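Here the structure is laid out as C-alpha cells; the discussion comes afterwards.
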Amino acid sequence: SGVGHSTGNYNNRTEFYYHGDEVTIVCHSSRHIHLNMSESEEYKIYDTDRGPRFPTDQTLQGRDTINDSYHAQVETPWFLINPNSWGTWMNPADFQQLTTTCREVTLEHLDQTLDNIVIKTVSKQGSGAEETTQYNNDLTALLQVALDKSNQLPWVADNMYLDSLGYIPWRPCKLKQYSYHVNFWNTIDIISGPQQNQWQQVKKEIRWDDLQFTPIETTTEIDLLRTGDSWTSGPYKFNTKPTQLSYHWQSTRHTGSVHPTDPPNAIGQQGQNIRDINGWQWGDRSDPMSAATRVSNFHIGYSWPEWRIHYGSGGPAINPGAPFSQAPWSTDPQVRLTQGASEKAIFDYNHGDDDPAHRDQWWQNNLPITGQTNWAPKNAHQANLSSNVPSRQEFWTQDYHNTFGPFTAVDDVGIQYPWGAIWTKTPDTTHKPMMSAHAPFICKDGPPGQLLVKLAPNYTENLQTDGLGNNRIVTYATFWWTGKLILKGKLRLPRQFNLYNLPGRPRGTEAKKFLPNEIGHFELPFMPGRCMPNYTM
Amino acid sequence: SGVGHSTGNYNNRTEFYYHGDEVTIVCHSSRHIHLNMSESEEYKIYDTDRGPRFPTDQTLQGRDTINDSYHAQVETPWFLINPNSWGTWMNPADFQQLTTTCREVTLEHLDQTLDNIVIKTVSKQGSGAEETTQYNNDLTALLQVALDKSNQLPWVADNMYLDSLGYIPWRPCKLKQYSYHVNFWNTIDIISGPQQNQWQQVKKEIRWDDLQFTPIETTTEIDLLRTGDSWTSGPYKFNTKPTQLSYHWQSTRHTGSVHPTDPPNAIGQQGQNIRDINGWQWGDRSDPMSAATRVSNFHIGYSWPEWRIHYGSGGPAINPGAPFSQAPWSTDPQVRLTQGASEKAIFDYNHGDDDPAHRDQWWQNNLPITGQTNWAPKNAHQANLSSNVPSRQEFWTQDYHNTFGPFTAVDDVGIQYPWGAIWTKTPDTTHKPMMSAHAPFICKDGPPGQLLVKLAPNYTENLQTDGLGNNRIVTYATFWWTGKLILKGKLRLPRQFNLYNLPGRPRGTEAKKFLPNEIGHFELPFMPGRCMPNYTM
Amino acid sequence: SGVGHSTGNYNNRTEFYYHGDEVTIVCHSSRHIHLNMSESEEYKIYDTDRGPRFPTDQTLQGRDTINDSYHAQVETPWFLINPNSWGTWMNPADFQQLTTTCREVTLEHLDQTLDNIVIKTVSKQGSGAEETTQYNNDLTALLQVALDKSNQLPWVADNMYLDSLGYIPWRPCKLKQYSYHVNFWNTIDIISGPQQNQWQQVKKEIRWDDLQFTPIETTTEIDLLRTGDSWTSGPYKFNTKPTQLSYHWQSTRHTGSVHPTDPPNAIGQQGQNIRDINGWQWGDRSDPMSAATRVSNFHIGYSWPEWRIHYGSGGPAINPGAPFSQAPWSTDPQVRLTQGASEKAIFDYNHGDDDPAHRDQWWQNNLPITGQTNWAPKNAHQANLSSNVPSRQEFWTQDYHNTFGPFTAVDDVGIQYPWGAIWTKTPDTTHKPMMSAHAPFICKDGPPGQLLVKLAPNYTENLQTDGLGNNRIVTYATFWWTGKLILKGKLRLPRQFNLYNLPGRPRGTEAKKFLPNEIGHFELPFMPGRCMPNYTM
C-alpha cells in the first residue's frame, strides 16, 4: 500500500446458508481498537493485596475468607485481543436466527486480521490553561504484533473478567494488558485455633525457586508494522464437539415407561395408579411398586456439596457442581436460590450495558433446565429398600454427598449469549475434564492462538537507563481488527404438534431496553442458547 | 395373498453356530397377539393420584414419601410391541447353552414382521340370559402399524413394568397402550417444618407452557393393513459393546502380588506372613507392611449413599449405586440385606409365573458378585497412615461417601435372563452415562424402533361428534408377530484345572417348578447371565 | 388388490427442505371420511325462508334487512371433499416453522387420492327395545367419484361455512352435500314509504326462464369403485402469485425522507422540527412545511363506506373495504371496533373447537397491520392547501368516500391459519379483481378441481317409482382421503439488529388451550400468517 492507501475494509455482517440438514453460519466482525503506549516497557513480577472485603479479624469466624483476591503475576507490556465472547460476533437478531433454526452447532474455523494502522504522537505547547495539544501522526512508528500459534504462552483468553472485544460494532474497543499468574502459595486454615472456629494464614508468598518467566520476545516471532502495513493470522481450524441448543426438562421420573394408570373419566377426574402390577423394583419392594422405586438404567443429574470452597495452594476457589434450575423449588420469588451452579455476569458499556460510569449485571439462574435439578439437602438415603418403611434411624436426610458416578447423565450450561466465552484451553493433565463449567467448546488440540499487540517504544533524544516513561514520546495508535469465524449447525425441525415458545428476550424485560436511546444507549439481551425443549431419553 | 392365503409361518426355534472362537446365536421368536379396539380414539393429557401407600399425614415424619407414584402423561390410542426382554427370545435350555459356551456376547441385528391379520366384529342378538354373541370376521377392516425408525417418539420400551411379549411360545400375548410422560413438577420437601422432621408438597402440577405433545400421526408414517397383508420392519443393526458372561470374585485384596508367606508344614498348619519384607506401602508405614496398606494401581468397587433417594423435579427416585453381593456380610439368613443395588422382578402368568390371578417375585441379590462389595457404613477413614495407630479421633467410621473416582473399576449386573431388558436408549446429554444400572446393552446410535399398532376405528351408521365408543362397532384383532435377533458370542474354554459349577437352576429351587403342571402351569427360572467365575486382573 | 388387500397408507407428516434462499414445504394430509347414503337420489331446485332474525315489521326501520339469508339452489345428491382450509394441511408447529423461516410462499402443486373403501349395510332384527342392529359389509357395493378437472360445475369450494376436511389428523371427517345457487331475484327497498324510513320487498323469486341446471352425470365422467379399488386425481399445478408473510407498519407518514429535525441533547429531551427548511409541499404551503403536507409519490391505504351493504339482484351483501387495524384508534378495550374489514371465524369440534355440542369463535381484528389504517369518518378535506388555514366552511369532516385510486398501495389479509381458505376461483368477467378479500391465492387458470363423492343407490327387491328411500337399503361408507400439496417459500433472514417477536400463540391465550385435555379436547390457535414486521418503501 503506502501512507495513503487503506489496507482493509469493514465487514460486520453475518451469513446463514441452509442446505439440507446442514446450516453454515459465517460471522464477520470488525472493531476499531484504540491502543496506548505501554505503562512500562518491562516485565514485572509482583504479588498483590489480599483484596477488598477480606477479613482483618475473626468476627465472622473466617467465613469471609472467600473474598480472597490474593495472587502473583508477570506484568507483560503487551496487550491482548481476544474475540472469545459470543456477541463479539453475532448481534441479537443473528443469534436468534441461530438458535431457532439450529438444534446444535460447532465451531469450524477462525480468521482474523489487523489493518489501517494509525500511530499518532501528542505534543503540547504553552503551559497552564493556555496549554495546547497537537496530534501528529508519526508515519515511521511501529506496531508490534505477536500471535502464538504454538500455544507456548500461558493462556488467559478465558472471557472471565469480560476482557474481550466489545459487542457493539460502531463503538471503539480498548485492550487490557496481557498478564499471567506465577507460582505462589496462598493457604488459609479456617480450622485454626481452639474450637476450630478461627481462620489463619499458613503460607502466602511468591514461590521463586520454582517460578516460570516466559517473555513474548524469546517465545514467539514478532511482526513490526508501519501505517501502510497489515497483518493476517492465517486459518485456524477448530476440533471440538457440538453443543446442544435445546434444554432438557426430563428427570429420571420423566424418563422411561410410565407407571400403569387407569385413565380419567370426565373433565375433572385424574388418572389412578394401578395397585397390583408387575415390574422391576429396586429393593425387596414387590407390593408398593412406587414409580419412585422403579429401576432405571441411568440417572439424570447428581448432588454436590453446593458452593464447595476448595482451599488449594493458590487460595480458596469454588468447585462448581452441576448446572440446573431452582425453579421447581422456588416458591417465594424474593428469595434468590443460587444453588443450581448459577452464574452472574457483571458487564459495562462496551459489553452491553446502557449506562456509562455504572455497570449492570445478569444472574443466569438456568430456569429452563429442570430434571437435572438436584438440591443436595433435599435428598435422603435409607438402609434398606423393601416393602417396609424404615424407622427414625435407618433414614438420613441432609448429607451433601457427591453423587456423580458411572450411571449419571448430566448437561452443561451451553451458550450464554452476550457475555459467555466461546472456547477454552484444555488443561494438560493425566485426566482431562469430561466437560466444562462455562465455555461450551473445549479445544482438543490447542485453543485459537492469543493475539498480543504493543506499540514499539518511541524515544526522545536522550536515553537514560534510569528513565522509564520520561524517556519515550507520548504515543497512541488506532487500528482495525477484522475476524471471521464459521459455524456448522444442524437444522432444527418441529418434533411436536403444539406450538413452541421460540427464542426472544428475557422474560421480565421489555423491548425499550435493547433498543437505542435518545443518547444512543442500549443493552444487549441475554439469550439462553439452550432455548427450546427436547426429549432426553 | 388374499383372504384365503396365509402371509407367514411360525419359527420359534433358536440356532447355534460354532466356528472357531466365534459363536453365532440366531434367536427366532413368534407370538400370537390379541388386540382390542382402543378405549378412546383420542390423545389425552392428565395427571394422576399420588399413589397407594403415600402419606396423608406426618406420622412417619415423611419417610413414606418414597411411595410416590405421581406423574403426568399423554394417553396415546396406540399399543406397543416391544421384544425387549430376554426370554421373549430364548427358552431356559437355550439360554443355558448360551452362558455355558460363551464368555461374552453382543447384539448383531434385529428383524421383525406382522402377518396373518384377523379382524372380527362381535355382534349380540337377544337380551338378558338369552343374549347371543356372534363373532364375524370383517374382511375389509384395517390394522394400523407405525414403526419409528428415526426415534422421534419418546422411548418407553424399557422392560420396566414388564410390559413385553410373553416368554412362553404357545400362549397369546396382550399389548399395553403406548403412553409417555409430559413435563410436570413434583417436589416434596422432607426438611419442612420446625425440627425439620416434617414433609411438605412444594409444587405438584402439569407444566403446560413448556409441554411437548407429539402424536403418532404427525410424526411417523402409518401402514394400513387388511387381512391378506403383512408387514416387515426391515433390518436393524445394533452397535453396542459386549457383555461379560462371567462374574468376578476378586476384590483389591484378591488382586495383585501376594503377601510374602512362609508355607505350612503339615495338614493342619497355616501359612505365616513374613514380618520383615520390602515393598511399597501407602503412608509412612514401613514396619507393618500389612497386605491391607499395600499400594495397588486400581481399586475394585466403590461406596455410595446406598438407597440414595434423589428428590428431583419429577419426584423422588433412587440413585442406584454399584451392584454387588451382601453374601460376605450376610450372617443370619432371615435378615435380607438389600444394599448391593439388588433388584426385584414382580411378574405374572405370561411372563413366567405359574399361577394365574396371582403374581410371583424374584429378588436378585447378585450373590456370585463379590470383590466389588462395598457396604458404606463398614468403611472408615484415618487422618494419617503410618507406623502408628491413630487415636479415638483421627478415625471416622460411618460416612456414606461416594468413593467412585478415577482409579475405580466396577462391573454392571449383566443379563438377567427371564425378566431383564436387553437394550436401552442412550440419554441425549453432554455427559452420556458410562454404564447402565439394568439393561446390559446401551445403544450408541438409536434403540431398535418402537412398533406401535392400532385398530382403525370401525364406525356405525351414524357418526356424532359427542359420541366416543357408542359410535364405533366393537372390534378386535389377532395377528402374529415374528422376530429374529442374532447374537455374536466368544467361545468359552476352561481356564482352570478343577471342575466348574455350570449354569443351572437357582439354588434353593427344584425342577418340578420350571416344568409344566397337570394344568400346564410352570415358571421360568432365573438365569444369572454372569454365571461362571473369572479373574479380574 | 382385492377384498383383503389395503389400497393405500397413511401419511400426515409435513416436510421442510432448505436449499439456498428456497424452501420447499411438502404437506401430507390423510383423513378418514364417513359417508352416508344420500338423503335423496334426485336433484332438487327450491328457495328458502328469509332466514332467522330477519324483520317481519318496520320497527327497526329496515336496518335488520342485513340478516337476509334468502336464496335459491340446486340440491345435488353428491358430497364435496375440499381440502381448501389451511389446517387441513399443517399442524400448529408446522405452520410456525413456515412463517418463521419464510418471508413469502406460493402454491406449487396438489395431489389427492381415495382408498380403503368400506361399504356397510345396516340391518335390524327384532322390534322395540329388543331391536338389534347388525353391520354387514357389502363387498359388491359401489362408491361414485367425480372430479371436474375442467371446472365445468359451479364452484362452491370457498371454505366459507367452514365446510372442509377437519384439522385434527386422528378424527373422522364428515362431508356436506354439494349445492349451488340458481338464478333468483331478491331486491329489498330500504328507501320505501313516506319519509323513506321503511323497507319493502320488491322482487323475491326464482328466475326460471333464465335458470341453469347442470347435473354431475351429464358434465363429468364418474368412477365407480368397489372395496378393492382406489382413485388418484393426478397432478394439479397451481399458477398463482406469492403471499407476503410479513405485515407492514408504515403509513405514508412512516415512509420517505424524514422531516429535518434537531436531535435531542439529554435523556429526557425530544428532537425539534426545524422551522425554515426547503422541500416540496402540496399546495401554496411554503412556510409551515408540515410533514403532513410533504408531497409523496404514493399513498398507503384508502378510505371506504365501511360496512357498505350493496343491495343487489341476489340480496344485500357486504362490499368489504381494505383490511387494517383499529389498534391506533382503539382506546377503550371494551368497545370492539370492527371497521378494519375484520373477519370472524365460527368453528366447531372438528375444525379446532375443544367443546362438542358448542361452537367457538375468533374475531381477527388484524392488529399488527397498521399504516394501512384508514377510518373514513376520521378523515377530512379542504378547499385549498396553502399558508393559510381555511374557515369553518372550506373544511369538511365526515364523508365516507372511497379514496382508492391510481396512487394507492394496499395489502391484503394474508394467510389466516386454522380457518382460512387457501385458494379461490377467479370470476370470469371483463375486469378481474386486483386482489382477494379473504383467500390469499387467486387461481389464474382454474381452481383445483372439486372432488364429489356419492354412494351408488343400493336397492331392495322391489323398485317403485313412487318410492324414494323406502326403496333403497340403508348403507354407509368409510374411506381414506390422502392429499399432498407442495409449497415454495423464500428464506427469511434477519433484516434488523434487535430481536424480533417470533410467531406464537395469540396474545391473551395460554398454552393449556391448544393442548389435549383429560378427555382429549383442544383448540387450534390462530396464527396470523403476516407475522413479523417489514418495511414497505
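Chain labels run A, B, ... following the order of the C-alpha cells; each chain numbers its residues from 1, and ligands are numbered from 1 in the order shown.
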Stretch 178-191 of chain A: which residues within 10 Å, counting only C-alpha atoms, same-chain residues fewer than 4 positions away excluded, as a count of residues only? 58
Can you pull out every residue from stretch 190-345 of chain B that DSSP, working from the backbone, puts in strand (DSSP E or B), and format the result as a PyMOL selection string? chain B and resi 190-192+198-206+222-225+231-232+236-237+243-244+246-248+261-262+272-273+281+294+299-300+308-311+316-319+343-345
Selection to disk with C-alpha atoms, as a PDB file, in the first residue's frame:
ATOM      1  CA  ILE B 190     -38.858 -33.618  53.667  1.00  0.00           C
ATOM      2  CA  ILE B 191     -37.000 -30.929  55.662  1.00  0.00           C
ATOM      3  CA  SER B 192     -40.144 -28.854  56.122  1.00  0.00           C
ATOM      4  CA  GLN B 198     -41.986 -32.931  58.509  1.00  0.00           C
ATOM      5  CA  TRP B 199     -42.664 -33.418  54.805  1.00  0.00           C
ATOM      6  CA  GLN B 200     -44.410 -30.941  52.548  1.00  0.00           C
ATOM      7  CA  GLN B 201     -45.577 -30.557  48.958  1.00  0.00           C
ATOM      8  CA  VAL B 202     -43.799 -27.704  47.209  1.00  0.00           C
ATOM      9  CA  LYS B 203     -45.027 -27.862  43.606  1.00  0.00           C
ATOM     10  CA  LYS B 204     -47.180 -30.611  42.085  1.00  0.00           C
ATOM     11  CA  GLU B 205     -48.563 -29.664  38.699  1.00  0.00           C
ATOM     12  CA  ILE B 206     -48.536 -30.245  34.980  1.00  0.00           C
ATOM     13  CA  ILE B 222     -48.543 -45.368   9.199  1.00  0.00           C
ATOM     14  CA  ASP B 223     -49.205 -48.599   7.318  1.00  0.00           C
ATOM     15  CA  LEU B 224     -52.809 -49.712   6.844  1.00  0.00           C
ATOM     16  CA  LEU B 225     -53.207 -53.487   6.624  1.00  0.00           C
ATOM     17  CA  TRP B 231     -45.612 -56.014   7.420  1.00  0.00           C
ATOM     18  CA  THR B 232     -41.827 -56.328   7.688  1.00  0.00           C
ATOM     19  CA  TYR B 236     -31.928 -53.108  12.205  1.00  0.00           C
ATOM     20  CA  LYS B 237     -28.223 -53.241  13.071  1.00  0.00           C
ATOM     21  CA  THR B 243     -21.348 -58.008  27.932  1.00  0.00           C
ATOM     22  CA  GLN B 244     -19.309 -60.234  30.221  1.00  0.00           C
ATOM     23  CA  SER B 246     -18.680 -64.309  33.892  1.00  0.00           C
ATOM     24  CA  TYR B 247     -18.663 -62.880  37.409  1.00  0.00           C
ATOM     25  CA  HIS B 248     -15.650 -61.507  39.238  1.00  0.00           C
ATOM     26  CA  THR B 261       4.195 -66.060  53.241  1.00  0.00           C
ATOM     27  CA  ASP B 262       6.011 -68.952  54.863  1.00  0.00           C
ATOM     28  CA  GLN B 272       2.715 -67.371  58.210  1.00  0.00           C
ATOM     29  CA  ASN B 273       3.028 -63.855  56.859  1.00  0.00           C
ATOM     30  CA  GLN B 281       3.117 -49.210  51.309  1.00  0.00           C
ATOM     31  CA  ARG B 294      -0.065 -52.400  50.100  1.00  0.00           C
ATOM     32  CA  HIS B 299      -9.444 -50.213  43.297  1.00  0.00           C
ATOM     33  CA  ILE B 300     -12.321 -52.616  42.738  1.00  0.00           C
ATOM     34  CA  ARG B 308     -29.989 -42.673  47.734  1.00  0.00           C
ATOM     35  CA  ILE B 309     -33.428 -41.014  47.274  1.00  0.00           C
ATOM     36  CA  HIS B 310     -32.992 -38.061  44.863  1.00  0.00           C
ATOM     37  CA  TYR B 311     -35.972 -35.668  45.276  1.00  0.00           C
ATOM     38  CA  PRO B 316     -38.252 -38.840  44.490  1.00  0.00           C
ATOM     39  CA  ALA B 317     -36.262 -41.544  42.750  1.00  0.00           C
ATOM     40  CA  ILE B 318     -33.445 -43.949  43.576  1.00  0.00           C
ATOM     41  CA  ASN B 319     -29.881 -43.167  42.559  1.00  0.00           C
ATOM     42  CA  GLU B 343     -33.331 -55.636  42.107  1.00  0.00           C
ATOM     43  CA  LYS B 344     -36.631 -57.495  42.317  1.00  0.00           C
ATOM     44  CA  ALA B 345     -38.784 -58.749  39.461  1.00  0.00           C
TER      45      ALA B 345
END
With only C-alpha atoms considered, list every residue of chain A at most 6 Å from chain C, as a PyMOL selection string. chain A and resi 18-20+92-93+267+497-499+518
Go ahead and write the residues just picked, N, CA and C atoms, as a PDB file, in the first residue's frame.
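Once everything was written out, this is part.pdb:
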ATOM      1  N   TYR A  18     -28.354 -22.375   4.267  1.00  0.00           N
ATOM      2  CA  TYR A  18     -29.138 -23.559   4.578  1.00  0.00           C
ATOM      3  C   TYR A  18     -29.102 -24.502   3.390  1.00  0.00           C
ATOM      4  N   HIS A  19     -28.460 -25.653   3.556  1.00  0.00           N
ATOM      5  CA  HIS A  19     -28.510 -26.706   2.543  1.00  0.00           C
ATOM      6  C   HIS A  19     -28.805 -28.024   3.246  1.00  0.00           C
ATOM      7  N   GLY A  20     -29.980 -28.580   2.989  1.00  0.00           N
ATOM      8  CA  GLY A  20     -30.330 -29.848   3.600  1.00  0.00           C
ATOM      9  C   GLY A  20     -30.499 -29.699   5.093  1.00  0.00           C
ATOM     10  N   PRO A  92     -28.073  -9.472  18.432  1.00  0.00           N
ATOM     11  CA  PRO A  92     -29.217 -10.214  18.992  1.00  0.00           C
ATOM     12  C   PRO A  92     -30.122 -10.886  17.971  1.00  0.00           C
ATOM     13  N   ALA A  93     -30.334 -10.280  16.806  1.00  0.00           N
ATOM     14  CA  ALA A  93     -31.207 -10.896  15.816  1.00  0.00           C
ATOM     15  C   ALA A  93     -30.502 -12.023  15.086  1.00  0.00           C
ATOM     16  N   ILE A 267     -63.991 -34.539  32.878  1.00  0.00           N
ATOM     17  CA  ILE A 267     -63.027 -33.453  32.720  1.00  0.00           C
ATOM     18  C   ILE A 267     -62.362 -33.075  34.040  1.00  0.00           C
ATOM     19  N   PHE A 497     -46.507 -31.506  17.900  1.00  0.00           N
ATOM     20  CA  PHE A 497     -47.722 -30.991  17.285  1.00  0.00           C
ATOM     21  C   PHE A 497     -47.994 -29.546  17.677  1.00  0.00           C
ATOM     22  N   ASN A 498     -47.904 -29.241  18.968  1.00  0.00           N
ATOM     23  CA  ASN A 498     -48.221 -27.929  19.506  1.00  0.00           C
ATOM     24  C   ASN A 498     -47.131 -26.906  19.205  1.00  0.00           C
ATOM     25  N   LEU A 499     -47.492 -25.638  19.368  1.00  0.00           N
ATOM     26  CA  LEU A 499     -46.560 -24.534  19.183  1.00  0.00           C
ATOM     27  C   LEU A 499     -45.435 -24.552  20.210  1.00  0.00           C
ATOM     28  N   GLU A 518     -32.301   8.001  23.288  1.00  0.00           N
ATOM     29  CA  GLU A 518     -32.097   9.314  22.697  1.00  0.00           C
ATOM     30  C   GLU A 518     -30.632   9.704  22.678  1.00  0.00           C
TER      31      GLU A 518
END
What's around stretch 469-478 of chain C at 6 Å? Count only C-alpha atoms, leave out sequence neighbours fewer than 5 positions away in its own chain, and write the answer as a list in words. residues 33, 34, 35, 36, 37, 118, 119, 120, 121, 122, 458, 459 and 460 of chain C
Could you write out that same residue set with N, CA and C atoms as a tab-separated table (two decimals), in the first residue's frame?
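The resulting file, selection_10.tsv, is shown below:
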chain	number	residue	atom	x	y	z
C	33	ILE	N	-62.87	-40.61	6.26
C	33	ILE	CA	-64.11	-39.93	5.91
C	33	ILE	C	-65.27	-40.88	6.08
C	34	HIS	N	-66.30	-40.42	6.78
C	34	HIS	CA	-67.53	-41.17	6.99
C	34	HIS	C	-68.56	-40.62	6.01
C	35	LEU	N	-69.10	-41.49	5.17
C	35	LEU	CA	-70.11	-41.07	4.22
C	35	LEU	C	-71.41	-41.82	4.46
C	36	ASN	N	-72.52	-41.13	4.27
C	36	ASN	CA	-73.84	-41.72	4.39
C	36	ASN	C	-74.53	-41.75	3.04
C	37	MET	N	-75.47	-42.68	2.94
C	37	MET	CA	-76.42	-42.72	1.84
C	37	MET	C	-77.10	-41.37	1.68
C	118	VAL	N	-64.76	-48.90	2.34
C	118	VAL	CA	-65.51	-49.88	3.12
C	118	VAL	C	-66.96	-49.45	3.06
C	119	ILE	N	-67.82	-50.31	2.55
C	119	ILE	CA	-69.24	-50.03	2.44
C	119	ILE	C	-69.99	-51.07	3.26
C	120	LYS	N	-70.81	-50.62	4.19
C	120	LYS	CA	-71.59	-51.50	5.05
C	120	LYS	C	-73.07	-51.18	4.92
C	121	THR	N	-73.88	-52.22	4.97
C	121	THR	CA	-75.32	-52.10	5.10
C	121	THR	C	-75.70	-52.42	6.54
C	122	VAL	N	-76.66	-51.68	7.08
C	122	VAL	CA	-77.09	-51.87	8.46
C	122	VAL	C	-78.47	-52.50	8.44
C	458	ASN	N	-78.51	-48.43	-3.33
C	458	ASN	CA	-78.49	-49.86	-3.07
C	458	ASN	C	-79.94	-50.26	-2.82
C	459	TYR	N	-80.55	-50.93	-3.79
C	459	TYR	CA	-82.00	-51.05	-3.84
C	459	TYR	C	-82.48	-52.40	-3.31
C	460	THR	N	-83.67	-52.38	-2.73
C	460	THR	CA	-84.30	-53.60	-2.25
C	460	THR	C	-84.90	-54.38	-3.42
When you look at residue B:380 with a cut-off of 9 Å (counting only C-alpha atoms), what residues show up, excluding the ones that are within fewer than 3 positions of it in the same chain? I need them as a count of residues only. 7
Can you tell me how far atom CA of residue C:129 sits from atom CA of residue B:126, in Å to one decimal?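 Interatomic distance, atom CA of residue C:129 to atom CA of residue B:126: 9.9 Å.
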